[PDB]
Asks: 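The structure is given below, and queries will be raised subsequently.
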Amino acid sequence: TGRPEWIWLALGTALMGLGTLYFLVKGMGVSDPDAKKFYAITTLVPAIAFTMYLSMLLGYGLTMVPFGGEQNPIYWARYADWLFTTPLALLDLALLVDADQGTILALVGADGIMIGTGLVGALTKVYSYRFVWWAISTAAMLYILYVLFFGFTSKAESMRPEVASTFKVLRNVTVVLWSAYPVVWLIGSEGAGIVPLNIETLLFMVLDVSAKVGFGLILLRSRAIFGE
Amino acid sequence: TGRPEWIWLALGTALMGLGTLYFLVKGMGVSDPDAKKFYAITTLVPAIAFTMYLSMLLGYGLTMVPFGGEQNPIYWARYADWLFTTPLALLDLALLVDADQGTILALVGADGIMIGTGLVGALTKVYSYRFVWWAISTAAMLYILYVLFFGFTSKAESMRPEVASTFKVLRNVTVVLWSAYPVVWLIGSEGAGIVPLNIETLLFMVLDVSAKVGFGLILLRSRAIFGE
Amino acid sequence: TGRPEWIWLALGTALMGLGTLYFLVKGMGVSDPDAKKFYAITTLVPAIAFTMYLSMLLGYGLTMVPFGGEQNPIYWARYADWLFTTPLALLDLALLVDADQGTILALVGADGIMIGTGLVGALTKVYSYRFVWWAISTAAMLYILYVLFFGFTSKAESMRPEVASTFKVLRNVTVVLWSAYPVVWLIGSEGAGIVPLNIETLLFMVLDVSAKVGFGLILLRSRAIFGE
Ligand SMILES: CC(C)CCC[C@@H](C)CCC[C@@H](C)CCC[C@@H](C)CCOC[C@@H](CO[C@H]1O[C@H](CO)[C@@H](O)[C@H](O)[C@H]1O[C@H]1O[C@H](CO[C@@H]2O[C@H](CO)[C@H](O)[C@H](OS(=O)(=O)O)[C@H]2O)[C@@H](O)[C@H](O)[C@@H]1O)OCC[C@H](C)CCC[C@H](C)CCC[C@H](C)CCCC(C)C
Ligand SMILES: CC(C)CCC[C@@H](C)CCC[C@@H](C)CCC[C@@H](C)CCOC[C@@H](CO[C@H]1O[C@H](CO)[C@@H](O)[C@H](O)[C@H]1O[C@H]1O[C@H](CO[C@@H]2O[C@H](CO)[C@H](O)[C@H](OS(=O)(=O)O)[C@H]2O)[C@@H](O)[C@H](O)[C@@H]1O)OCC[C@H](C)CCC[C@H](C)CCC[C@H](C)CCCC(C)C
Ligand SMILES: CC(C)CCC[C@@H](C)CCC[C@@H](C)CCC[C@@H](C)CCOC[C@@H](CO[C@H]1O[C@H](CO)[C@@H](O)[C@H](O)[C@H]1O[C@H]1O[C@H](CO[C@@H]2O[C@H](CO)[C@H](O)[C@H](OS(=O)(=O)O)[C@H]2O)[C@@H](O)[C@H](O)[C@@H]1O)OCC[C@H](C)CCC[C@H](C)CCC[C@H](C)CCCC(C)C
Ligand SMILES: *C/C=C(C)/C=C/C=C(C)/C=C/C1=C(C)CCCC1(C)C
Ligand SMILES: *C/C=C(C)/C=C/C=C(C)/C=C/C1=C(C)CCCC1(C)C
Ligand SMILES: *C/C=C(C)/C=C/C=C(C)/C=C/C1=C(C)CCCC1(C)C
Ligand SMILES: CCCCCCCCS[C@@H]1O[C@H](CO)[C@@H](O)[C@H](O)[C@H]1O
Ligand SMILES: CCCCCCCCS[C@@H]1O[C@H](CO)[C@@H](O)[C@H](O)[C@H]1O
Ligand SMILES: CCCCCCCCS[C@@H]1O[C@H](CO)[C@@H](O)[C@H](O)[C@H]1O
């Protein structure tokens with residue numbers, strides 16, 4: 001349909017779409033109030049992802065940013081997505097572990113700064129400044145990952161085995177997947193064009209589908225979502 | 001003052017404005033913590049509506065979108081309004097019925113997607129794509145209306161008669177009024193210019209004032225807002 | 001680095017930055033769940049402030065708005081900041097006083113309208129309309145300050161002496177500092193160029209650092225954050 005990345009944008013749209021329908025069907029009939037929350041948070045994530053990928057496929061989520069002299073194609077839609085989508089995931093983890101409201105707020109705020117800053121960076125005209133924002137964004141992410149890995153884990157150890165083990169898997173998955181985004185951003189169209197928009201869109205696609213559908217699958221198929 | 005719809009924008013500004021002052025006065029002195037919530041949610045709704053209509057009257061909430069060849073006047077302010085305003089209404093219904101947090105979250109998310117998608121649609125350059133977004137938006141709305149009509153009603157039947165009956169009226173009103181927006185959008189300046197911006201603004205005005213002031217009146221005048 | 005206000009933007013960036021690090025260090029090791037909330041809300045405030053000042057220093061948070069004929073430099077970043085930052089402060093006050101959810105919602109909404117309206121005003125092309133938005137914004141602020149001064153105080157009197165006294169100081173500080181913003185706006189680049197962007201940025205800088213770091217200091221150093 002034009003841009004060479006369109007295909008990956010198309011597959012992501014479809015996969016996020018199918019992931020949503022699958023979770024909607026699976027959560028059908030669930031009466032446990034605690035399970036309801038998990039199904040609602042986890043299903044909304046890909047749902048949002050669906051709408052944003054579609055805006056990128058249709059060309060809407062793409063804008064033009066000048067820097068480095070030449071012209072640059074920046075998909076701003078990703079930030080619109082991640083803005084609500086990363087915190088929701090954090091909410092799933094927090095509920096699983098029964099995190100204190102104080103830490104949930106700190107984590108959501110750090111997330112908002114992470115994405116807000118990432119977005120600013122992506123739209124900054126002075127090529128050199130874009131990295132400053134990257135550094136601030138990455139620092140916010142490391143703060144989140146630090147709390148998830150050391151703070152939540154400890155909270156998870158006070159739960160029953162099924163809950164503790166599922167949190168462990170989800171924790172490992174988010175830490176690994178999340179840390180890949182700033183790398184992809186840095187070596188891609190947003191930072192250094194070392195990697196073509198072509199290959200980047202493919203990476204974000206695998207990362208996103210894994211972080212949402214995959215994450216959703218691991219969580220929604222375990223009995224950890226039931227308070228018992 | 002220029003555009004032929006200005007008058008309806010003016011009456012809406014005034015009515016939303018008067019509706020706010022009226023509710024502010026009526027909620028004065030209320031000490032019941034549960035009633036306070038209802039008064040706060042219900043009063044903020046028209047208050048937000050006030051500010052957005054004014055931006056449309058003054059020309060600020062109007063932008064220009066190219067599609068179908070010719071030029072199109074799109075009031076984006078409505079989405080800014082509805083973005084916070086539709087969920088608040090959902091919150092009133094949820095409190096009345098004491099809905100589970102899981103469903104409140106799902107409903108607020110579906111609402112966010114509904115408006116976010118509606119906005120995208122309204123600002124899309126490819127005339128044909130605008131309808132795709134309409135379809136997604138309408139699907140989100142039908143999901144909300146489905147849960148309100150069948151899920152909330154059942155929750156409402158566990159409450160005392162005054163609460164159950166008031167929820168019934170509000171439920172009927174929102175289902176009917178809400179379903180009219182996508183129709184108006186489709187046959188109006190946002191979709192097919194079958195209906196002139198002139199008549200459309202009049203429709204949204206009646207719909208909005210009914211959905212907020214009317215809804216506010218029905219709710220704020222019943223003892224259903226008191227937990228007893 | 002160009003614009004004459006750059007220096008104040010630089011000092012604000014640094015002070016907000018140092019204020020965040022200081023609070024992050026101070027809140028380290030705190031286990032009280034109630035203290036955690038206060039530290040999270042109070043630390044995020046300057047953190048957000050940091051990111052926005054930096055966007056203004058680097059030129060990103062500055063835009064051009066035509067009105068009064070001549071050209072006008074408007075830093076929109078301040079609203080992006082205040083949008084999340086003013087409510088957080090309100091949340092600190094509400095927790096301290098254990099305010100009803102209804103009033104917290106009303107206050108957050110009034111705040112959202114205050115900033116949203118202030119932003120609209122700042123970006124309006126018709127010089128005369130900018131003041132209409134100012135008036136609406138100021139009315140929302142007075143509503144907040146009224147509730148904080150008379151409503152919260154009363155709520156504060158049911159708490160122990162340390163809490164009541166700390167709320168008193170914070171209450172006095174916010175009322176005074178908050179009321180200065182609409183004055184600065186009115187006599188500055190946003191309204192009447194009586195005061196040069198040079199002196200204005202200096203004022204907002206002192207006001208902001210006082211409202212956040214100062215406020216943070218007064219609150220985070222008292223035992224009022226401990227539910228005991
Ligand atoms: C309502 C919604 C739910 C609120 C969501 C939160 C919101 C605050 C933030 C999302 C954050 C952030 C990522 C967005 C900000 C980034 C910013 C830089 C981009 C803004 O653009 C997005 C705007 C579109 O603007 C368009 O309209 C205006 C006015 O009419 C135009 O002035 C502007 O130019 C338009 O831009 C579009 O077109 C551009 C095209 O550029 C060129 O234009 C010329 C014509 O002039 C030619 O057509 C060129 O063609 S050619 O010659 O080159 O061939 C053409 O290139 C593009 O470049 C632009 O990219 C753009 O397409 O819209 C706002 C989007 C909304 C807010 C997204 C909704 C997202 C989703 C549904 C949200 C669900 C959220 C829900 C609330 C979660 C609930 C969670 C619960 C708690 C659980
Ligand atoms: C802070 C606030 C509380 C946050 C609210 C949430 C926010 C994320 C989203 C609202 C969602 C969504 C609907 C908005 C996105 C849609 C997007 C496409 C529109 C963006 O425009 C809105 C911007 C204005 O941009 C303007 O400034 C920039 C920078 O200076 C310009 O680049 C831009 O062009 C400007 O656009 C205005 O002017 C345009 C004029 O076009 C032409 O311009 C030329 C000059 O170049 C000539 O003047 C032309 O004249 S002529 O020749 O034709 O004769 C002229 O036509 C217009 O076309 C544009 O439409 C526009 O007027 O501002 C952002 C608005 C804010 C966010 C709205 C605040 C709303 C309300 C107060 C919110 C209350 C919320 C509260 C938080 C709820 C709490 C609830 C509790 C939980 C209970
Ligand atoms: C994701 C984030 C967390 C969501 C935050 C909430 C969000 C809904 C609202 C913030 C509210 C409000 C204040 C913003 C709306 C105001 C609006 C008018 C301004 C919009 O601009 C901001 C956009 C940038 O747009 C830029 O990109 C588009 C698309 O590519 C361009 O079309 C647009 O023009 C760009 O504008 C920038 O550049 C302009 C430059 O103008 C001229 O441009 C030419 C080239 O064309 C030349 O370069 C000129 O140079 S020269 O010749 O004159 O020499 C040049 O002047 C500037 O004028 C513009 O000002 C702008 O720089 O981005 C959106 C910003 C994001 C959303 C901010 C993130 C803020 C922070 C990190 C948020 C933390 C929030 C967290 C969620 C809190 C959690 C709290 C818990 C509950 C506790
Ligand atoms: C479903 C989407 C997910 C889980 C997205 C996660 C995204 C991130 C962890 C993004 C992080 C970034 C930085 C740390 C700095 C560079 C800019 C970003 C936004 C790519
Ligand atoms: C006070 C305002 C109210 C109750 C607004 C309700 C608005 C809707 C239910 C809008 C729905 C739409 C669709 C279903 C698709 C077409 C686009 C919209 C946003 C008009
Ligand atoms: C950390 C930042 C703080 C405490 C900011 C407070 C800002 C205000 C109270 C702003 C108020 C305004 C009006 C009342 C109308 C004029 C426009 C504003 C946004 C400057
Ligand atoms: C475009 C529409 C997007 C809709 C996103 C909604 C996510 C809904 S999850 C769903 O929420 C119900 C509460 O309504 C629970 O009862 C179910 O068990 C649970 O699975
Ligand atoms: C521009 C200003 C917009 C303000 C919107 C605020 C809606 C306030 S409702 C009001 O909230 C109080 C708590 O403060 C309760 O005590 C009252 O009973 C109730 O009626
Ligand atoms: C760019 C990163 C911005 C991060 C902002 C986070 C504010 C964190 S406050 C911190 O939150 C912890 C919970 O994680 C509590 O345990 C600590 O006692 C408290 O002091």
Side-chain angles (χ1 to χ4, degrees), chain C residues 5 8-9 11-20 22-23 38 41-50 52-53 56 75 77-97 99 107-108 110-119 121-122 134-135 137-153 156 165-191 195 199-222 224-225:
Chain C
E5 59 281 11
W8 304 124
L9 295 181
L11 185 58
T13 293
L15 294 167
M16 289 302 187
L18 296 179
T20 302
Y22 171 61
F23 297 148
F38 287 117
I41 289 152
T42 311
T43 306
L44 278 176
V45 172
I48 294 170
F50 174 67
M52 289 305 86
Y53 261 81
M56 297 199 290
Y75 287 105
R78 299 179 184 289
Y79 308 93
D81 170 346
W82 304 339
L83 173 61
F84 299 103
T85 259
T86 45
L88 283 171
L90 253 40
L91 218 61
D92 263 326
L93 272 16
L95 294 184
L96 210 47
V97 126
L107 250 41
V108 173
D111 195 315
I113 292 171
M114 182 177 77
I115 305 299
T117 284
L119 175 59
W134 174 89
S137 179
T138 306
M141 182 198 80
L142 291 181
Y143 176 84
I144 293 166
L145 304 182
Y146 181 85
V147 174
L148 298 184
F149 202 77
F150 298 104
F152 278 35
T153 300
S165 59
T166 312
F167 170 67
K168 292 294 201 305
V169 175
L170 294 170
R171 181 203 66 192
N172 294 340
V173 175
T174 85
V175 170
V176 171
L177 294 178
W178 279 44
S179 51
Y181 287 79
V183 175
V184 171
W185 192 100
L186 187 70
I187 69 178
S189 69
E190 294 81 13
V195 182
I199 305 298
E200 166 167 281
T201 307
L202 180 280
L203 298 178
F204 279 137
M205 201 235 264
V206 178
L207 252 30
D208 291 334
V209 175
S210 296
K212 299 158 154 86
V213 177
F215 182 116
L217 284 170
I218 303 167
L219 177 61
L220 291 184
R221 292 175 54 186
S222 67
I225 62 180

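Reminder, nothing fancy here: chain letters follow the sequence lines and each chain counts from 1. Below, all heavy atoms of this structure are taken into account, side chains as well, without hydrogens, waters or symmetry copies.
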Asks: Atom CG in C/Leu15, atom OH in C/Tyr22: separation rounded to 0.5 Å?
Replies: 14.5 Å
Asks: So C/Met56 and C/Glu5, do their side chains get closer than 4.5 Å, heavy atoms only?
Replies: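 In short, these two side chains do not touch, never coming nearer than 4.5 Å.
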Asks: When rounded to the nearest 0.5 angstrom, what is the spacing between OG in C/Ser189 and CD1 in C/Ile199?
Replies: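 Output value for this atom pair is 12.5 Å.
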Asks: Looking only at heavy atoms, which two atoms of C/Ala110 and C/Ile144 are closest? And how far apart?
Replies: CB-CG1, 3.7 Å
Asks: Is a donor on one side and an acceptor on the other found under 3.5 Å between the side chain of C/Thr20 and the backbone of C/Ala47?
Replies: yes
Asks: Just verifying a value: how many Å separate C/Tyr53 OH and C/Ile48 CD1, rounded to the nearest 0.5 Å?
Replies: 14.0 Å
Asks: Spell out, as yes or no, whether a donor-acceptor pair under 3.5 Å connects the side chain of C/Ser179 to the backbone of C/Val176.
Replies: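 Yes: the side chain of C/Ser179 pairs with the backbone of C/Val176.
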Asks: Show the numbers, then the answer: is there a side-chain contact (heavy atoms from CB on, under 4.5 Å) between C/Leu207 and C/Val184?
Replies: CA-CA 10 Å; C/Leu207 252 30; C/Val184 171; 3.9 Å; yes
Asks: Taking only residues two or more places apart in sequence or in another chain, which ones pass ring-ring contact (aromatic ring centres under 6.0 Å, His included) with C/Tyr79?
Replies: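 Only C/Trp82 meet the ring-ring contact (aromatic ring centres under 6.0 Å, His included) criterion with C/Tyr79.
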Asks: For C/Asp81, check salt bridge (charged side-chain N to carboxylate O under 4.0 Å, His left out) against everything at least two apart and list the hits.
Replies: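 For C/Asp81, the residues satisfying salt bridge (charged side-chain N to carboxylate O under 4.0 Å, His left out) (neighbours in sequence not counted) are C/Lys212.
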Asks: Between CD1 of C/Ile113 and OG of C/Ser137, what distance do you get to the nearest 0.5 Å?
Replies: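 Interatomic distance, C/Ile113 CD1 to C/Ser137 OG, rounded to 0.5 Å: 10.0 Å.
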Asks: Quick one: does C/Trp185's side chain have a donor or acceptor within less than 3.5 Å of a partner on C/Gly191's backbone?
Replies: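 Absent.
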Asks: For C/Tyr181 and C/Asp208, indicate whether the former's side chain and the latter's backbone hold a donor-acceptor pair under 3.5 Å.
Replies: yes
Asks: Is C/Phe204 close to C/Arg78 at the side-chain level, that is, under 4.5 Å between some pair of heavy atoms?
Replies: yes
Asks: Tell me which one of C/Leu91, C/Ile225, C/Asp92 satisfies side chain to side chain contact (heavy atoms under 4.5 Å, CB included) with C/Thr42.
Replies: C/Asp92
Asks: To check you understand the geometry: which heavy-atom pair defines the closest contact between C/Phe152 and C/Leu93, and what is its length?
Replies: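 That would be CE2-C, 3.7 Å.
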Asks: Which one of C/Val108, C/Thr43, C/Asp111, C/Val45 satisfies the side chain to side chain contact (heavy atoms under 4.5 Å, CB included) criterion with C/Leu88?
Replies: C/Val45
Asks: I'd like to check C/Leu148 versus C/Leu145 (side-chain heavy atoms, cut-off strictly below 4.5 Å). Are they in contact?
Replies: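 A side-chain contact exists here, since the closest heavy-atom pair is under 4.5 Å.
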Asks: Hey, are the side chains of C/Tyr143 and C/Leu107 touching, using non-hydrogen atoms and a 4.5 Å cut-off?
Replies: yes
Asks: Give, for atom OG1 of C/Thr153 and atom CZ of C/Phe150, the distance between the pair rounded to the nearest 0.5 Å.
Replies: 8.0 Å
Asks: Walk me through it: do C/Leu9 and C/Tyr75 pass the test side-chain contact (heavy atoms from CB on, under 4.5 Å)?
Replies: CA-CA 11 Å; C/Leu9 295 181; C/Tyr75 287 105; 3.6 Å; yes
Asks: Checking side chain to side chain contact (heavy atoms under 4.5 Å, CB included) against C/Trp8, which of C/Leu203, C/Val206, C/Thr201 comes through?
Replies: C/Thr201
Asks: Side chains of C/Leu95 and C/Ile41: closer than 4.5 Å at any heavy-atom pair?
Replies: yes
Asks: Using atom types as modelled and distance alone, determine if a side-chain donor or acceptor of C/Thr117 lies under 3.5 Å from a backbone N or O of C/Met114.
Replies: no
Asks: Any side-chain heavy atom of C/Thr86 sitting closer than 4.5 Å to one from C/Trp178?
Replies: yes
Asks: Which atoms form the tightest heavy-atom contact between C/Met52 and C/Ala80, and what is the distance?
Replies: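 Closest heavy-atom pair between C/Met52 and C/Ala80: SD-CB, 3.8 Å.
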Asks: Is it the case that the side chain of C/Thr13 and the backbone of C/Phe50 share a donor-acceptor pair, with hydrogens and angles ignored and the cut-off at 3.5 Å?
Replies: no
Asks: Identify the heavy atoms of C/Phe167 and C/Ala156 that sit nearest to each other, and give their distance.
Replies: CD2-CB, 3.4 Å
